[PDB]
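Worksheet for the structure shown next.
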Amino acid sequence: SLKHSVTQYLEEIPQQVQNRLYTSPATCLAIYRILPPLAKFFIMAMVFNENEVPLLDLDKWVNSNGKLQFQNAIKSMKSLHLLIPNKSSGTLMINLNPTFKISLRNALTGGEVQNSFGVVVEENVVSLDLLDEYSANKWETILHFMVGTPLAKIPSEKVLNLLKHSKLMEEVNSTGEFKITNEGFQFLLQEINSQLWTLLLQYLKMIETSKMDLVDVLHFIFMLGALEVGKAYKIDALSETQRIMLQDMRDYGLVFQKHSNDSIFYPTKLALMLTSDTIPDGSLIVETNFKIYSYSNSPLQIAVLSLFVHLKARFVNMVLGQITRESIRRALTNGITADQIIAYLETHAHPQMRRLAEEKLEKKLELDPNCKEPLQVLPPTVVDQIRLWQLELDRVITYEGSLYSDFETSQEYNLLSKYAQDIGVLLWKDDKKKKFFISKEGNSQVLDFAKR
Amino acid sequence: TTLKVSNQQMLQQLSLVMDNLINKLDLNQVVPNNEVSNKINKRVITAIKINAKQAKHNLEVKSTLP
Amino acid sequence: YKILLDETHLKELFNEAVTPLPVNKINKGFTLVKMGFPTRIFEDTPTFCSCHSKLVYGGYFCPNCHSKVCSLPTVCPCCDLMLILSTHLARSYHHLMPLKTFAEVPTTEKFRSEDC
Amino acid sequence: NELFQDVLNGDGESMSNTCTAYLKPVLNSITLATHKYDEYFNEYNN
Amino acid sequence: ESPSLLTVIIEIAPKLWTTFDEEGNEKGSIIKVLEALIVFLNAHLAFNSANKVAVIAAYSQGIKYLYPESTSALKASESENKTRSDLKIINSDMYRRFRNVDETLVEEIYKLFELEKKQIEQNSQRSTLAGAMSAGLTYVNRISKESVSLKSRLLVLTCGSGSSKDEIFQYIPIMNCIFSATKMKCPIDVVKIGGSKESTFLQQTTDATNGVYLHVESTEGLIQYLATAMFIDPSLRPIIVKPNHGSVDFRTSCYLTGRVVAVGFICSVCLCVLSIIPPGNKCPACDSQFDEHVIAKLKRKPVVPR
Ligand SMILES: [Zn+2]
Ligand SMILES: [Zn+2]
Ligand SMILES: [Zn+2]
């Protein structure tokens, strides 16, 4: 999700790159938060002591009720290269990463921090009046660009190329429109912190140039997590590489620099939101007749509601919409699967369907106590209609490829068919019809098998 | 049932603590000298071993007797 | 003799029914009660408790006769001794020291502090 | 004691330690009771 | 996973700490335990992003709150917070989340020390530790009801130094804290620095609330003791064993004698513990006049044939 995603990303980091990454105290403090609490406890227990501790002591530290958690933490810290396993006296001795240990101790004991946490210039404003709505505007600019609604303000070309290289946001210029993938509304599923995390992992998967290194990017994003909102910071501690990404996320709105090339950059609330989280807006009402009554006033929630609900009207409170067949077709031609839309409806259901749902579940348990049913917050009629629309999208399914036929001998047919089945490309076979079909991706393999 | 000290040295010890607070606290001084850490770690591990041996085993339990 | 009014008042009846009833002045049962303080025995070998004849690793050895039991507070089923902990009488000290109700200060008078 | 020596030659001491330790605390309790009985008997004798 | 609350009760008493200094070979041990506490609080705030810290000192003439600072801070001359009167005690390149809390608490430490120096002429015979962790549980419940959830835990920085014995007034409020902490499932962790090896009430406090007791004797290297054992968060309490090697008997002292009690008697009215039958056939606590028949039955001799 979030913690697993960044852990798997930092797994991909090479060991020497990780050791160089462990230099700044901010990076070590950030990755300390990403460890599991058992792992965090063992690491910080290992921080203050220079002597190395055998693994048997840590194993004896854990009760038998948390042996699986201890093993998972051991796997995580071994994959994170925080341990130097030592073989001495027949024991698997364990030593903490020394640069990580030193930087974390400096982050705790107030040692050398090399201004990894930035410096305050003591000229600042309140976040709500200037910073917060700037961050909201800069986020909603790219959001309303990618959902496809017309905008008077369009984002810079950098995020456009990032979305083009991304798996989501397929682009066509001969048509003049931006196509939303399934992964786009999947991005709209999770809440904005993990949205920012997926955006930045895609950014790091994008930036492979010699113009930019890697450890400076990770240092800058972890100190941006370390920075506090409502106090400006001086640009001098950043490198010129870190300065050009300071400009880059100034375009994104993660940081507000009031003018280009200025010496004071203001952290926005998304920087603190990136690290960890903390009737709602966007809470919608669905009926039996496919009607939509959304308690929403933000343009982004109703903008993403527009993709799959035929909106009829919009109040200052409501957005009158109807789940028509054509709105669902508009969703499914974007690759948006029905179950994800169902999950979106479940997460944005009003508490009144919630109380009526627990009421009817109480009626179900008082009528049939022998069986228990899941809490259907929304009625199953509309869900069944969405599933029927999804199924009638793909009434016939067209798998393309090649087929072998015209075998005078049954053994040649059987050998080619079992070869196709073993590599998992066959779709149908019968010795009576003397035909078997293989997929398009498996065409070339079977062709070179037959040629050789 | 199975040391009395006066206020003057209270005041001098208080003044020592206050100006030792005023000048500097190196927070890195809490790190052990890698020798007391080993002894205290041995004490902690022995306590952990004793408590784990006692709390490993604690309807009646199964017995080796027929 | 108490009659409830609604759903919550019934639980009110229970949680003021847990309180010890004040005794009348004419009641003279002013006695001394002989009971002992068992100690938690610690052993990796399970042993037969005196109450259940079952194998329990833990136990509480009676100070009067050195007999182990399962739970506390229970009577010793060897010498009829009310085996206890300090925690059991500890739970009952607080009724004997009821806190006087905190009197809210007048709003007119000068408040002592800004915080609680 | 009869049960202690019956498992002594029955199971050959491999189980006799468990049988002794299982019935050790009640044996100690009744030994304390007999000791108190004898102590009060000698107290009345003295 | 789930953040917690680290409430810490500090026992500051000039007589106790200075007798520890006299018994020890060093002077200024409370500076050492203070910086050990500071790096412990930094470690706790490094543990999670959203966990919170409370620290409370119990001085001679009462108790005072050390972090979070009192709400009298009004961005005035008497604000006494943030850059206002920001006396340089800790380095300014510190992590700001650590920097604010540590600088605020050390300023409050110096202010408490100034106030206690101003009232050095009066020696209190009453210890305010029990009310201190009582208010600690009170703030724990305040945080628990305000923030919806959140775990909580107590640390007790107590000191015996071989001078203060186990007091009698510290019986009832300590168990009141025990039952309160058992109600909110708050573990109670106690570390005792001094020559007095055993503190029975605090041992029962640790044992009955699923906490850890560790008596210590040297002010040096105490952060090993703290961050090794005192860092068991309530998220991982059941899966971590405890180094509490000391086994408490959960007994009590007798009323009229004071010694540790054995099989004995209590008043069936005032329920104080009596090792022997009190003189005058009346209670020493509530003056309950006792029946002569029942105490004759308890003074009754066991029988054996001649
Ligand atoms: Zn039993
Ligand atoms: Zn008994
Ligand atoms: Zn009484």
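How things are named: the first chain in the structure tokens is A, the next is B, and so on; residues count from 1 in each chain; ligands count from 1 in the order shown.
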Exercise for review: Give as an MDAnalysis selection string the residues surrounding ligand 3 up to a distance of 8 Å, considering only C-alpha atoms and all ligand atoms.
Suggested key: chainID E and resid 266:272 282:288
Exercise for review: Could you give me the residues within chain D that DSSP places in helix (DSSP H, G or I), as an MDAnalysis selection string?
Suggested key: chainID D and resid 2:10 16:22 24:45
Include C-alpha atoms and write out the residues we just selected as a PDB file, in the first residue's frame.
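Output file selection_3.pdb is given in full below:
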```pdb
ATOM      1  CA  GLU D   2       4.358 -46.650  48.770  1.00  0.00           C
ATOM      2  CA  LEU D   3       3.423 -44.870  45.539  1.00  0.00           C
ATOM      3  CA  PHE D   4       6.908 -43.316  45.388  1.00  0.00           C
ATOM      4  CA  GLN D   5       8.563 -46.734  45.673  1.00  0.00           C
ATOM      5  CA  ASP D   6       6.029 -48.421  43.362  1.00  0.00           C
ATOM      6  CA  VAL D   7       7.071 -46.133  40.497  1.00  0.00           C
ATOM      7  CA  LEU D   8      10.686 -46.576  41.633  1.00  0.00           C
ATOM      8  CA  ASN D   9      10.785 -50.223  40.520  1.00  0.00           C
ATOM      9  CA  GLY D  10       7.853 -49.955  38.100  1.00  0.00           C
ATOM     10  CA  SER D  16       9.717 -41.380  39.669  1.00  0.00           C
ATOM     11  CA  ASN D  17      11.082 -37.821  39.769  1.00  0.00           C
ATOM     12  CA  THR D  18       7.918 -36.536  38.063  1.00  0.00           C
ATOM     13  CA  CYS D  19       5.716 -38.551  40.433  1.00  0.00           C
ATOM     14  CA  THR D  20       7.626 -37.181  43.430  1.00  0.00           C
ATOM     15  CA  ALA D  21       7.545 -33.553  42.257  1.00  0.00           C
ATOM     16  CA  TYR D  22       3.854 -33.771  41.311  1.00  0.00           C
ATOM     17  CA  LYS D  24       5.668 -32.940  46.621  1.00  0.00           C
ATOM     18  CA  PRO D  25       3.656 -29.868  47.811  1.00  0.00           C
ATOM     19  CA  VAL D  26       0.780 -31.825  49.351  1.00  0.00           C
ATOM     20  CA  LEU D  27       3.335 -34.123  51.014  1.00  0.00           C
ATOM     21  CA  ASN D  28       5.097 -31.048  52.410  1.00  0.00           C
ATOM     22  CA  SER D  29       1.759 -29.665  53.624  1.00  0.00           C
ATOM     23  CA  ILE D  30       0.799 -32.857  55.452  1.00  0.00           C
ATOM     24  CA  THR D  31       4.356 -33.128  56.805  1.00  0.00           C
ATOM     25  CA  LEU D  32       3.972 -29.602  58.196  1.00  0.00           C
ATOM     26  CA  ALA D  33       0.627 -30.615  59.717  1.00  0.00           C
ATOM     27  CA  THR D  34       2.129 -33.701  61.383  1.00  0.00           C
ATOM     28  CA  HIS D  35       5.052 -31.564  62.572  1.00  0.00           C
ATOM     29  CA  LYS D  36       2.632 -29.082  64.151  1.00  0.00           C
ATOM     30  CA  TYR D  37       0.710 -31.968  65.748  1.00  0.00           C
ATOM     31  CA  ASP D  38       3.916 -33.379  67.247  1.00  0.00           C
ATOM     32  CA  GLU D  39       5.053 -29.904  68.342  1.00  0.00           C
ATOM     33  CA  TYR D  40       1.793 -29.253  70.199  1.00  0.00           C
ATOM     34  CA  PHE D  41       1.944 -32.774  71.664  1.00  0.00           C
ATOM     35  CA  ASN D  42       5.429 -32.077  73.030  1.00  0.00           C
ATOM     36  CA  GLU D  43       4.299 -28.619  74.183  1.00  0.00           C
ATOM     37  CA  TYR D  44       1.551 -30.207  76.279  1.00  0.00           C
ATOM     38  CA  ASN D  45       4.096 -32.810  77.402  1.00  0.00           C
TER      39      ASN D  45
END
```
Check which residues fall inside 7 Å of ligand 2 when counting only C-alpha atoms and all ligand atoms, and print them as an mmCIF file with N, CA, C and O atoms, in the first residue's frame.
```
data_model
loop_
_atom_site.group_PDB
_atom_site.id
_atom_site.type_symbol
_atom_site.label_atom_id
_atom_site.label_comp_id
_atom_site.auth_asym_id
_atom_site.auth_seq_id
_atom_site.Cartn_x
_atom_site.Cartn_y
_atom_site.Cartn_z
ATOM 1 N N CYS C 62 -0.468 -21.557 50.775
ATOM 2 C CA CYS C 62 -1.143 -21.012 51.945
ATOM 3 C C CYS C 62 -0.143 -20.783 53.073
ATOM 4 O O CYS C 62 0.629 -21.687 53.400
ATOM 5 N N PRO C 63 -0.113 -19.593 53.680
ATOM 6 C CA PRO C 63 0.834 -19.357 54.782
ATOM 7 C C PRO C 63 0.563 -20.200 56.014
ATOM 8 O O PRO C 63 1.480 -20.400 56.820
ATOM 9 N N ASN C 64 -0.658 -20.708 56.184
ATOM 10 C CA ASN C 64 -0.973 -21.505 57.362
ATOM 11 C C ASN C 64 -0.527 -22.952 57.199
ATOM 12 O O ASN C 64 -0.047 -23.566 58.158
ATOM 13 N N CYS C 65 -0.663 -23.514 55.998
ATOM 14 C CA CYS C 65 -0.426 -24.939 55.821
ATOM 15 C C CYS C 65 0.334 -25.313 54.555
ATOM 16 O O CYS C 65 0.493 -26.511 54.303
ATOM 17 N N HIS C 66 0.794 -24.341 53.757
ATOM 18 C CA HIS C 66 1.577 -24.577 52.535
ATOM 19 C C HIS C 66 0.811 -25.434 51.528
ATOM 20 O O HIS C 66 1.266 -26.495 51.099
ATOM 21 N N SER C 67 -0.375 -24.958 51.158
ATOM 22 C CA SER C 67 -1.211 -25.593 50.151
ATOM 23 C C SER C 67 -1.453 -24.612 49.014
ATOM 24 O O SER C 67 -1.731 -23.433 49.256
ATOM 25 N N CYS C 76 -8.771 -21.445 51.524
ATOM 26 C CA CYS C 76 -7.841 -22.561 51.431
ATOM 27 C C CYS C 76 -8.592 -23.854 51.705
ATOM 28 O O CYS C 76 -9.136 -24.017 52.804
ATOM 29 N N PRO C 77 -8.647 -24.795 50.764
ATOM 30 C CA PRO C 77 -9.359 -26.048 51.041
ATOM 31 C C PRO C 77 -8.485 -27.076 51.739
ATOM 32 O O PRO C 77 -8.539 -28.266 51.418
ATOM 33 N N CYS C 78 -7.673 -26.629 52.696
ATOM 34 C CA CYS C 78 -6.990 -27.534 53.607
ATOM 35 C C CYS C 78 -7.288 -27.150 55.048
ATOM 36 O O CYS C 78 -7.637 -28.005 55.867
ATOM 37 N N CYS C 79 -7.161 -25.861 55.367
ATOM 38 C CA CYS C 79 -7.338 -25.377 56.730
ATOM 39 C C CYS C 79 -8.427 -24.320 56.848
ATOM 40 O O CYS C 79 -8.541 -23.691 57.909
ATOM 41 N N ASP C 80 -9.218 -24.111 55.790
ATOM 42 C CA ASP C 80 -10.322 -23.144 55.750
ATOM 43 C C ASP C 80 -9.821 -21.731 56.060
ATOM 44 O O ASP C 80 -10.250 -21.079 57.014
ATOM 45 N N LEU C 81 -8.893 -21.269 55.230
ATOM 46 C CA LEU C 81 -8.272 -19.967 55.408
ATOM 47 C C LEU C 81 -8.533 -19.117 54.173
ATOM 48 O O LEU C 81 -8.293 -19.562 53.046
#
```
**Study point:** Given 9 Å and only C-alpha atoms and all ligand atoms, residues near ligand 1 as a ChimeraX atom specification
**Key:** /B:60 /C:48-56,59,68-71
File of the preceding selection, N, CA, C and O atoms, as a PDB file, in the first residue's frame:
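Output file again.pdb follows:
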```pdb
ATOM      1  N   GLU B  60      -6.622 -28.595  32.830  1.00  0.00           N
ATOM      2  CA  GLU B  60      -5.289 -28.962  33.282  1.00  0.00           C
ATOM      3  C   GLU B  60      -4.388 -29.295  32.097  1.00  0.00           C
ATOM      4  O   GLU B  60      -4.850 -29.686  31.023  1.00  0.00           O
TER       5      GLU B  60
ATOM      6  N   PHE C  48      -0.243 -30.627  41.594  1.00  0.00           N
ATOM      7  CA  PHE C  48      -1.654 -30.756  41.937  1.00  0.00           C
ATOM      8  C   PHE C  48      -2.061 -29.656  42.907  1.00  0.00           C
ATOM      9  O   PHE C  48      -1.526 -29.565  44.017  1.00  0.00           O
ATOM     10  N   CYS C  49      -3.009 -28.823  42.491  1.00  0.00           N
ATOM     11  CA  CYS C  49      -3.578 -27.835  43.393  1.00  0.00           C
ATOM     12  C   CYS C  49      -4.536 -28.503  44.373  1.00  0.00           C
ATOM     13  O   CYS C  49      -5.163 -29.521  44.069  1.00  0.00           O
ATOM     14  N   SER C  50      -4.647 -27.911  45.560  1.00  0.00           N
ATOM     15  CA  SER C  50      -5.446 -28.490  46.633  1.00  0.00           C
ATOM     16  C   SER C  50      -6.945 -28.352  46.409  1.00  0.00           C
ATOM     17  O   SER C  50      -7.720 -29.038  47.085  1.00  0.00           O
ATOM     18  N   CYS C  51      -7.372 -27.495  45.485  1.00  0.00           N
ATOM     19  CA  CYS C  51      -8.793 -27.253  45.273  1.00  0.00           C
ATOM     20  C   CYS C  51      -9.382 -28.150  44.195  1.00  0.00           C
ATOM     21  O   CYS C  51     -10.516 -28.620  44.331  1.00  0.00           O
ATOM     22  N   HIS C  52      -8.631 -28.396  43.126  1.00  0.00           N
ATOM     23  CA  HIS C  52      -9.165 -29.010  41.924  1.00  0.00           C
ATOM     24  C   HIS C  52      -8.544 -30.358  41.609  1.00  0.00           C
ATOM     25  O   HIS C  52      -9.092 -31.083  40.769  1.00  0.00           O
ATOM     26  N   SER C  53      -7.425 -30.705  42.257  1.00  0.00           N
ATOM     27  CA  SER C  53      -6.621 -31.889  41.942  1.00  0.00           C
ATOM     28  C   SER C  53      -6.227 -31.918  40.467  1.00  0.00           C
ATOM     29  O   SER C  53      -6.263 -32.959  39.811  1.00  0.00           O
ATOM     30  N   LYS C  54      -5.851 -30.757  39.938  1.00  0.00           N
ATOM     31  CA  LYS C  54      -5.442 -30.645  38.548  1.00  0.00           C
ATOM     32  C   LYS C  54      -4.068 -29.993  38.474  1.00  0.00           C
ATOM     33  O   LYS C  54      -3.635 -29.298  39.397  1.00  0.00           O
ATOM     34  N   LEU C  55      -3.385 -30.231  37.357  1.00  0.00           N
ATOM     35  CA  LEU C  55      -2.004 -29.794  37.187  1.00  0.00           C
ATOM     36  C   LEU C  55      -1.993 -28.323  36.791  1.00  0.00           C
ATOM     37  O   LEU C  55      -2.392 -27.969  35.677  1.00  0.00           O
ATOM     38  N   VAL C  56      -1.531 -27.467  37.697  1.00  0.00           N
ATOM     39  CA  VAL C  56      -1.406 -26.036  37.448  1.00  0.00           C
ATOM     40  C   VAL C  56       0.039 -25.639  37.710  1.00  0.00           C
ATOM     41  O   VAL C  56       0.591 -25.960  38.770  1.00  0.00           O
ATOM     42  N   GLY C  59       0.376 -21.102  41.261  1.00  0.00           N
ATOM     43  CA  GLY C  59      -0.306 -21.422  42.497  1.00  0.00           C
ATOM     44  C   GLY C  59       0.023 -20.416  43.572  1.00  0.00           C
ATOM     45  O   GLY C  59       0.871 -19.539  43.407  1.00  0.00           O
ATOM     46  N   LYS C  68      -1.343 -25.099  47.783  1.00  0.00           N
ATOM     47  CA  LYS C  68      -1.510 -24.271  46.597  1.00  0.00           C
ATOM     48  C   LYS C  68      -2.953 -24.303  46.103  1.00  0.00           C
ATOM     49  O   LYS C  68      -3.669 -25.293  46.271  1.00  0.00           O
ATOM     50  N   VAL C  69      -3.375 -23.195  45.489  1.00  0.00           N
ATOM     51  CA  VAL C  69      -4.703 -23.060  44.908  1.00  0.00           C
ATOM     52  C   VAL C  69      -4.565 -22.498  43.498  1.00  0.00           C
ATOM     53  O   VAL C  69      -3.485 -22.098  43.066  1.00  0.00           O
ATOM     54  N   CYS C  70      -5.689 -22.469  42.780  1.00  0.00           N
ATOM     55  CA  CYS C  70      -5.711 -21.861  41.454  1.00  0.00           C
ATOM     56  C   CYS C  70      -5.871 -20.349  41.535  1.00  0.00           C
ATOM     57  O   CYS C  70      -4.984 -19.593  41.123  1.00  0.00           O
ATOM     58  N   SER C  71      -6.997 -19.893  42.069  1.00  0.00           N
ATOM     59  CA  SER C  71      -7.396 -18.500  41.973  1.00  0.00           C
ATOM     60  C   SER C  71      -7.422 -17.846  43.346  1.00  0.00           C
ATOM     61  O   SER C  71      -7.476 -18.513  44.382  1.00  0.00           O
TER      62      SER C  71
END
```
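Between CA of residue 169 (chain A) and CA of residue 182 (chain A) the separation is 9.1 Å.
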Check your understanding: Quick one: distance from CA of residue 25 (chain A) to CA of residue 118 (chain A) in Å, one decimal?
Key -> 11.9 Å
Practice item. Just need the residues of chain E within 10 Å of chain D, counting only C-alpha atoms, so spit them out as an NGL selection string. Key: :E and (301-306)
Could you build a table of the residues in chain E lying no more than 6 Å from chain A, giving for each the nearest pair of atoms and their separation in Å rounded to one decimal place, using only C-alpha atoms, ordered by chain and ascending residue number, as CSV?
```
residue,atom,partner,partner_atom,distance
E:42,CA,A:108,CA,5.9
E:94,CA,A:110,CA,5.6
E:227,CA,A:45,CA,5.9
E:228,CA,A:45,CA,5.3
E:239,CA,A:63,CA,4.7
E:240,CA,A:62,CA,4.8
E:241,CA,A:63,CA,5.6
```
Practice item. Would you list, as number ranges by chain, the residues of region 62-295 of chain A that end up in strand (DSSP E) under DSSP run on this structure's backbone? Key: A: 83-88, 91-96, 170-172, 177-179, 233-234, 255-257, 264-267, 283-286, 291-295
Could the residues in this selection be written to a file with N, CA and C atoms, as a short mmCIF file (atom, residue, chain, number, x, y, z; two decimals), in the first residue's frame?
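As written to disk, selection-v4.cif reads:
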```cif
data_model
loop_
_atom_site.label_atom_id
_atom_site.label_comp_id
_atom_site.auth_asym_id
_atom_site.auth_seq_id
_atom_site.Cartn_x
_atom_site.Cartn_y
_atom_site.Cartn_z
N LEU A 83 21.48 -4.56 9.07
CA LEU A 83 22.24 -5.48 9.88
C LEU A 83 23.49 -5.92 9.13
N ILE A 84 24.61 -5.99 9.85
CA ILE A 84 25.78 -6.70 9.34
C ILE A 84 25.82 -8.03 10.08
N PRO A 85 25.40 -9.12 9.44
CA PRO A 85 25.50 -10.43 10.09
C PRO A 85 26.95 -10.88 10.16
N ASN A 86 27.38 -11.25 11.36
CA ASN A 86 28.76 -11.64 11.62
C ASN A 86 28.79 -13.09 12.09
N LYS A 87 29.75 -13.84 11.57
CA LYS A 87 29.93 -15.25 11.92
C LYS A 87 31.16 -15.35 12.81
N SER A 88 30.93 -15.50 14.11
CA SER A 88 32.01 -15.60 15.08
C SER A 88 31.58 -16.51 16.22
N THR A 91 28.32 -18.38 16.15
CA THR A 91 27.11 -17.60 16.38
C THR A 91 26.92 -16.60 15.25
N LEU A 92 25.66 -16.41 14.85
CA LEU A 92 25.31 -15.40 13.85
C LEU A 92 25.19 -14.06 14.56
N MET A 93 26.35 -13.43 14.78
CA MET A 93 26.41 -12.14 15.43
C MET A 93 25.83 -11.06 14.51
N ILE A 94 25.15 -10.09 15.10
CA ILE A 94 24.44 -9.06 14.35
C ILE A 94 24.99 -7.70 14.76
N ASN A 95 25.34 -6.88 13.76
CA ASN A 95 25.79 -5.51 13.98
C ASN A 95 24.94 -4.56 13.15
N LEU A 96 24.57 -3.44 13.75
CA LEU A 96 23.80 -2.42 13.06
C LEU A 96 24.66 -1.69 12.03
N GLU A 170 -2.69 7.43 -20.40
CA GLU A 170 -2.34 7.28 -21.80
C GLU A 170 -2.77 8.52 -22.58
N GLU A 171 -1.91 8.96 -23.49
CA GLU A 171 -2.07 10.23 -24.18
C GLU A 171 -2.12 10.01 -25.69
N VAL A 172 -2.96 10.80 -26.36
CA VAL A 172 -2.99 10.85 -27.82
C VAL A 172 -3.10 12.32 -28.23
N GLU A 177 -7.15 14.66 -26.83
CA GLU A 177 -7.72 14.40 -25.52
C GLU A 177 -6.79 13.48 -24.75
N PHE A 178 -7.01 13.42 -23.44
CA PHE A 178 -6.17 12.67 -22.52
C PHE A 178 -7.00 11.53 -21.94
N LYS A 179 -6.56 10.30 -22.18
CA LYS A 179 -7.34 9.12 -21.83
C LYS A 179 -6.97 8.63 -20.44
N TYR A 233 12.09 28.44 5.02
CA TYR A 233 13.42 27.85 5.13
C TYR A 233 14.30 28.39 4.01
N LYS A 234 15.60 28.47 4.30
CA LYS A 234 16.55 29.03 3.36
C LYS A 234 17.00 27.97 2.36
N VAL A 255 5.78 22.54 -2.14
CA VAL A 255 6.44 23.64 -1.47
C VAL A 255 6.02 24.93 -2.18
N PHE A 256 5.83 26.00 -1.41
CA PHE A 256 5.47 27.29 -1.97
C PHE A 256 6.67 28.22 -1.87
N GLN A 257 7.34 28.44 -2.99
CA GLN A 257 8.29 29.54 -3.13
C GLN A 257 7.54 30.66 -3.84
N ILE A 264 13.69 31.89 0.02
CA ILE A 264 12.79 31.41 1.07
C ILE A 264 11.71 30.54 0.42
N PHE A 265 11.68 29.27 0.81
CA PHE A 265 10.65 28.34 0.37
C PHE A 265 9.80 27.92 1.56
N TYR A 266 8.48 27.93 1.36
CA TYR A 266 7.53 27.67 2.43
C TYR A 266 6.97 26.27 2.29
N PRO A 267 7.16 25.39 3.27
CA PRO A 267 6.55 24.06 3.20
C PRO A 267 5.03 24.14 3.29
N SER A 283 -19.60 12.50 0.57
CA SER A 283 -20.53 11.46 1.00
C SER A 283 -21.78 11.53 0.14
N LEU A 284 -22.07 10.44 -0.57
CA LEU A 284 -23.12 10.41 -1.57
C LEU A 284 -24.27 9.53 -1.11
N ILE A 285 -25.42 9.72 -1.76
CA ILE A 285 -26.62 8.95 -1.47
C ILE A 285 -27.09 8.28 -2.75
N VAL A 286 -27.31 6.97 -2.68
CA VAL A 286 -27.80 6.18 -3.80
C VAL A 286 -29.13 5.55 -3.39
N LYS A 291 -30.40 7.10 -8.29
CA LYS A 291 -30.26 8.54 -8.11
C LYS A 291 -29.07 8.86 -7.22
N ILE A 292 -28.43 9.99 -7.49
CA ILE A 292 -27.21 10.40 -6.80
C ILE A 292 -27.48 11.71 -6.08
N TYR A 293 -27.22 11.71 -4.77
CA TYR A 293 -27.32 12.91 -3.93
C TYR A 293 -26.04 12.99 -3.12
N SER A 294 -25.08 13.77 -3.60
CA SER A 294 -23.75 13.82 -3.01
C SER A 294 -23.62 15.06 -2.13
N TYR A 295 -23.28 14.86 -0.86
CA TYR A 295 -22.92 15.95 0.04
C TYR A 295 -21.48 16.34 -0.24
#
```
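The chain C residues that come within 9 Å of chain B are residues 42, 43, 44, 45, 46, 54, 55, 56, 57 and 58 of chain C, with only C-alpha atoms taken into account.
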Can you list, as a compact mmCIF listing (two decimals) with N, CA and C atoms, in the first residue's frame, every protein, DNA or RNA residue that comes within 9 Å of residue 34 (chain B) when you count only C-alpha atoms, leaving out same-chain residues fewer than 3 positions away?
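The result, written out as part.txt:
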```txt
# COMPACT_ATOMS: atom_id res chain seq x y z
N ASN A 49 24.44 1.35 21.85
CA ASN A 49 25.55 0.52 22.31
C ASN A 49 26.46 0.19 21.13
N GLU A 50 27.76 0.41 21.32
CA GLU A 50 28.73 0.11 20.28
C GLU A 50 29.00 -1.38 20.15
N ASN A 51 28.77 -2.16 21.21
CA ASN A 51 28.97 -3.60 21.13
C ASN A 51 27.89 -4.27 20.30
N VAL B 31 25.86 7.87 26.05
CA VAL B 31 26.36 6.64 25.44
C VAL B 31 27.35 5.97 26.39
N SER B 37 28.04 -1.17 29.32
CA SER B 37 26.95 -1.62 28.46
C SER B 37 26.90 -3.14 28.40
N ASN B 38 28.06 -3.79 28.32
CA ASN B 38 28.10 -5.25 28.28
C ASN B 38 27.59 -5.87 29.57
```
Study note, to complete from the structure: Using only C-alpha atoms, the shortest atom-to-atom distance to chain D among B:41, B:6, B:29, B:64 belongs to B:64
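Across the structure, CA of residue 99 (chain A) and CA of residue 48 (chain B) are spaced 29.6 Å apart.
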